[PDB]
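Structural characterization, general
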Amino acid sequence: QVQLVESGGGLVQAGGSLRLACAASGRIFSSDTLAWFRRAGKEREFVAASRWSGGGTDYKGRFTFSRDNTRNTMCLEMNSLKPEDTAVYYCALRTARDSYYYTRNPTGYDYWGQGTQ
Amino acid sequence: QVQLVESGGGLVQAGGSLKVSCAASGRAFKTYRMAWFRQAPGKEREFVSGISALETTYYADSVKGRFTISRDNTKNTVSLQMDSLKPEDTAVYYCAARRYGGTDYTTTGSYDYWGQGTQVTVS
Amino acid sequence: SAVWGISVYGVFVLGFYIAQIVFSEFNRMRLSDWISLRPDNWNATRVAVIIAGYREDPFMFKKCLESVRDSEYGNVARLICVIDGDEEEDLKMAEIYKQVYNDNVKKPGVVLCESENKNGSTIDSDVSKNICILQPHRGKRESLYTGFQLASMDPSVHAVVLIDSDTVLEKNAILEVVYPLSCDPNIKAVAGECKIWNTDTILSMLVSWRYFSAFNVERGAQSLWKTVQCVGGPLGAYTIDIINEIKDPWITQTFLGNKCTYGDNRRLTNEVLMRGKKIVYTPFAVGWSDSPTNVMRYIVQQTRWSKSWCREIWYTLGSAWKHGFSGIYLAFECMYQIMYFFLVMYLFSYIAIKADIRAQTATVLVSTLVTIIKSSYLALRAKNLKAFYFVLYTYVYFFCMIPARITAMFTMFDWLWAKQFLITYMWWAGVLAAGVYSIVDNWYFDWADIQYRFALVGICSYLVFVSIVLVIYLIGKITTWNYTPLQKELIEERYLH
Ligand SMILES: CC(C)CCC[C@@H](C)[C@H]1CC[C@H]2[C@@H]3CC=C4C[C@@H](OC(=O)CCC(=O)O)CC[C@]4(C)[C@H]3CC[C@]12C
Ligand SMILES: CC(=O)N[C@@H]1[C@@H](O)[C@H](O)[C@@H](CO)O[C@H]1O
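In the annotation of the PDB entry, chain B is listed under the name Nanobody 872 and assigned to Lama glama.

Looking at the PDB entry, one finds chain A named Nanobody 881, with Lama glama as its source organism.

Below, the structure is given as structure tokens:
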């Protein structure tokens, strides 16, 4: 139903910044839960999530969540880098058809996108 | 089609009062415009007073403050009150009826119905 | 006597209308002041959406489900869908629901309203997952009780949202209807504004504008004193405590208004009112629903509504004593409408009998003037030039609602079509007879009288005005300017599939 394509990445030194963009093509009903994951040898960990309509949850003070709501495009820029934040980021979507509860468990995110870093 | 008849008049001295009435026979008298005309022996008929279906009163040549016109739909008749008569007012009075007409309400040809007329004299 | 009657009618209607406008404006201003003070992303109140329908168009049901899913409210607990039927034809709506939402569809063999245990835990076990219920076909009222029980079993929720299966909800519609509940603890129900999306019919636009004006003025004035009576479908809110308290009295009442449909919308609000709880209405919440396009269907629907109102007048008048100083406005407006109907009947009879051209012209002129003023106000408030079309509502009102009211009174006074349309046919025949008697009685021409000229000029101007308005409306049909922008999208989407 929905396809997530990720843009941005590359090799960045400890000092600097970069922007990661996740692209979608279709209708997401403006109610689905959108989250990000950092690591692929470790299990995926929660990074940040926010509803399409509004809101925002961290865990930060350094990473912020931004959307567009008109282009079906999203971005999450990262300020400053540390060696252990280098991993293959993933863009995931959670459907609200089953339930409206908000969970950080990656098993609830049925749809996933290929990483870039 | 309405037929007009006259009943009234008399021989009264100057300053007297007379009551002349006209009776019409027809189908719908409530929607007919009535008028009064007088013919002196030395001149032709002229409009003096008339009343429409909507109780509009028209007078000319001092008739505004001299004569009064009224109609009774229930009795199917029209009457013209006359007060402060003068010797020059001696003339035979003709009543007229009309159903369709325009702005002209003074000429004799505007009204398509007429009556036999009653003689009124002032002494 | 005619001059006195028309003057009294004009001044009385104008005064009552001005009072209603002032009340609605004050209510709108206080609601705007309340809204301006709320913080951003306010989702303190937890609400649940309940949808009930029967033999609904799958396209409309899917669009309603999508509109519900498009809501921006971030404190939605669950969605309750109840279908009044468990047959093969009733499964189409369940399949449509499975396409838009989860496949958690339940088909219980019993009805909660007719079961010893009315608790929702008998048919439901998990409260987090959305549930679909296919109850046995009993009626609309039974469907709502099951949704209330399903919402009541979860103590997390604090209010419920009631919508119809054909209602289209905006993104902010849910937030607006539930926001004023927390503003005043005495508020237990909130009404939502309803709009008619389809305006492709002459009757459809008239009823749409009538509904819009009604919501603006009468419901606004009632909300100013917080004594609204029309709260529920197709867009409304209810607190959990009041529905839990009054569910049993609402379902134990005897229902004979209609068969397998037409749930008791006003009776629930009357039950709330008789307990002394204030009820407000908000215009910011916008709902979209269809309207009948058939004159006969509109007539019978209005007749049913009139019978229901004539049944519940006693209850709505008795519910006003608890409010104390307030609540007298209900009796005032009821007397207003009753005297307005009686005055309309008396004026029509008088003009038919006396057949006076002078008075009829003045009456139609003043009626046209006041209707034009009302249409101008509607255009100013809605910021739309199409609100001037309300001037043609007088014809449809006179030809439909009055015979419907007579039929409603006759049915409950002290052959299926005989009791439905024969009265309307007799009323139309009587109107035609009165008109022909009036025209033949005054069949004359006299241009030497100013009053006759004035009457003819007035009636000719009225005919020219109505003719040019009809011509403009006809031109708008081909141009499709009269079409609602939301209607065009629905038409295009329907064309796509
Ligand atoms: C057989 C034919 C030749 C005769 C046809 C008769 C009708 C076309 C006319 C005659 C007199 C008119 C009526 C005169 C007065 C009124 C009251 C009016 O109601 C209000 O005043 C609403 C006030 C507001 O809220 O603005 C509704 C239209 C109505 C019935 C008019 C509708 C059109 C009528 C019936
Ligand atoms: C869906 C809805 O609310 N329908 C009501 C109807 O029950 C009531 O009889 C009528 C009386 O004005 O008003 C309508 O708005």
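Below, the discussion takes up the site of ligand 2. Residue and element names in this part refer to chain C. Around ligand 2, a shell composed of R219, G233, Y262, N265, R266 and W305 is seen. Within the contact set of ligand 2, an oxygen atom lies 3.4 Å away from a backbone nitrogen or oxygen of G233. A distance of 2.7 Å is found between an oxygen atom of ligand 2 and a side-chain nitrogen or oxygen belonging to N265. Partitioned by chemical class, the residues of the shell around ligand 2 number 2 nonpolar, 2 polar and 2 charged.

This brings us to the interface of chain B and chain C. When the parts come together, some accessible area is lost, and that loss is often what is quoted as the size of the interface. Taken together, the contacts link 13 residues of chain B with 13 residues of chain C. In total, chain B and chain C occlude about 1100 Å² of area from one another, counting both sides; carbon and sulfur atoms represent 46% of this. Contact with chain C buries area across many residues of chain B, yet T31(B), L54(B) and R99(B) alone supply 44% of it, more than any other trio. Taken together, chain B and chain C are joined by 2 salt bridges. A salt bridge links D446(C) to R98(B), with the nearest nitrogen and oxygen atoms 2.5 Å apart. Counting across the interface, chain B meets chain C through 9 residue pairs in polar contact.

Attention now goes to helix α11 (residues 357-382) of chain C. Residue and element names in this part refer to chain C. With 26 residues, α11 extends 37 Å between its outermost C-alpha atoms, agreeing within 8% with the 38 Å of an ideal straight helix rising 1.5 Å per residue. All of the buried residues in α11 are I357, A359, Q360, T361, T363, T368, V370, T371, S375, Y377, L378 and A379. Buried residues along α11 sit in contact with α1 (2-36), α6 (202-224), α10 (328-354), α12 (393-411), α13 (422-441) and α14 (450-479). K383 lies just past α11 and shows a positive phi near 55°.

The next thing to look at is the side chain of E6(A). Residues and elements named next belong to chain A. Structurally, the position occupied by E6 is in strand β1 (residues 4-7). Within the local environment of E6, its side chain forms a polar contact with the backbone nitrogen of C91, the two atoms lying 2.5 Å apart. For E6, the residues in contact, after removing those within four places along its chain, are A21, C22, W36, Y89, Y90, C91, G113, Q114, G115 and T116.

Below, the discussion takes up the site of ligand 1. All names here are of chain C. As a structural note, the neighbourhood of ligand 1 is formed by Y9, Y340, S367, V370, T371, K374, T394, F398, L432 and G435. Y9 has a polar side-chain atom sitting 2.3 Å from an oxygen atom of ligand 1. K374 places a polar side-chain atom, nitrogen or oxygen, 2.5 Å from an oxygen atom of ligand 1. Elements that contribute at least two residues to the shell around ligand 1 include exactly α11, α12 and α13. Considering each element in turn, the shell around ligand 1 owes the most residues, 4 residues, to α11.

A separate point is the interface of chain A and chain C. Facing the 14 residues of chain A at the interface are 17 residues of chain C. Both sides of the chain A and chain C interface together cover about 1600 Å² of buried area, and 43% of this is carbon and sulfur. Together, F29(A), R97(A) and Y100(A) form the three largest contributors to the area buried by chain A at its contact with chain C, with a combined 46%. Where chain A meets chain C, there are 3 salt bridges. In this structure, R27(A) engages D70(C) in a salt bridge whose closest nitrogen and oxygen atoms are separated by 2.4 Å. Applying the counting criterion to the chain A and chain C interface returns 14 residue pairs in polar contact. In terms of residue class, the side of chain A that touches chain C is made up of 4 nonpolar, 5 polar and 5 charged.

Rules used in this analysis
- Residues numbered from 1 in each chain as written, not as in the entry; some residues may be left out.
- Chains lettered and ligands numbered in written order.
- Heavy atoms only, no water.
- Near = heavy atom within 4 Å.
- Polar contact = N/O pair within 3.5 Å; in protein donor to acceptor, adjacent residues only side chain to side chain.
- Nonpolar A, V, L, I, M, F, W, Y, C, P; charged D, E, K, R; others polar.
- Contact = heavy atoms within 4.5 Å.
- Buried area = accessible area lost by both parts, 1.4 Å probe.
- Salt bridge = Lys/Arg side-chain N within 4 Å of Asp/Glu carboxyl O.
- Helix = DSSP H or I, 4+ residues; strand = E, 2+ residues; numbered from the N terminus.
- Expected span 1.5 Å × (residues − 1).
- Buried < 20%, exposed > 50% of the residue type's maximum accessible area, 1.4 Å probe, protein only.

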